[PDB]
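A.B. asks: Sequence and experimental coordinates follow.
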Amino acid sequence: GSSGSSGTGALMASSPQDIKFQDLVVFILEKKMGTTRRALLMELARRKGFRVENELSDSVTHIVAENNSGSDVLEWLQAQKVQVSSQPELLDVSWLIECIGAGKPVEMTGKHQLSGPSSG
């Protein structure tokens, strides 16, 4: 015995299920923010077409953090147990906030960046 029907449907601005960027994984950090926003912003970005992740992964190429400094995020990075093939980018929410209003991965002139081991 068995039965069913199920249904389908799709409607959007040319984007049924094709992440705009297949190399723009943005990871929002709850620390110094919360869930609401974290999830919100994270969801907002996705809506733009970005590939946001609830949990850190090797796919994470960009890590967002509000208030937190590149150091704070860094220390956390090392604190993580996930292995990354290439250290992700650390930028302030200001980037994610823009990346949204920009619907694209705004350029990183630095202001967006939190901090890095840059000397020279």
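C.D. replies: Now that the structure is in, tell me what you want to look at. Residues are numbered from 1 along each chain as shown.
A.B. asks: Show me the strands in this protein, by range?
C.D. replies: 25-29, 51-52, 62-65, 89-92 (DSSP state E).
A.B. asks: how many neighbours does residue 71 have?
C.D. replies: 13 (other CB atoms under 10 Å). The way it works is simple: take the backbone N, C-alpha and C, and place the C-beta from them, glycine included.
A.B. asks: How about residue 38?
C.D. replies: Neighbour tally, residue 38, other CB under 10 Å: 21.
A.B. asks: Would you agree it is in contact with residue 28?
C.D. replies: Yes: counting by CB atoms under 8 Å, residue 38 does reach residue 28; the two are 4.9 Å apart.
A.B. asks: picking up where we left off before, quick one: the strands of the chain as a markdown table, columns for distance to residue 12 too.
C.D. replies: What follows is those, written out as a markdown table (distance: least, CB to CB, whole Å):
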| stretch | distance to residue 12 |
| --- | --- |
| strand 25-29 | 20 |
| strand 51-52 | 16 |
| strand 62-65 | 24 |
| strand 89-92 | 27 |
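A.B. asks: Residue 6: which of these is closest?
C.D. replies: strand 51-52 (27.4 Å; CB to CB).
A.B. asks: what comes into contact with the closest one?
C.D. replies: Strand 51-52 is contacted by residues 19, 21-22, 24-28, 42-43, 45-46, 59 when judged by CB atoms under 8 Å, 6 or more residues apart in numbering.
A.B. asks: From residue 40, how far off is the residue nearest the centre of the chain?
C.D. replies: Relative to the mean C-alpha position of the chain, the nearest C-alpha, by CA atoms, centre = their mean, is the one of residue 26, at 1.7 Å. The gap separating residue 26 from residue 40 is 13 Å, by CB to CB, to the nearest Å.
A.B. asks: what sits in contact with each of the two?
C.D. replies: By CB under 8 Å, 6+ apart, no residue touches both residue 26 and residue 40.
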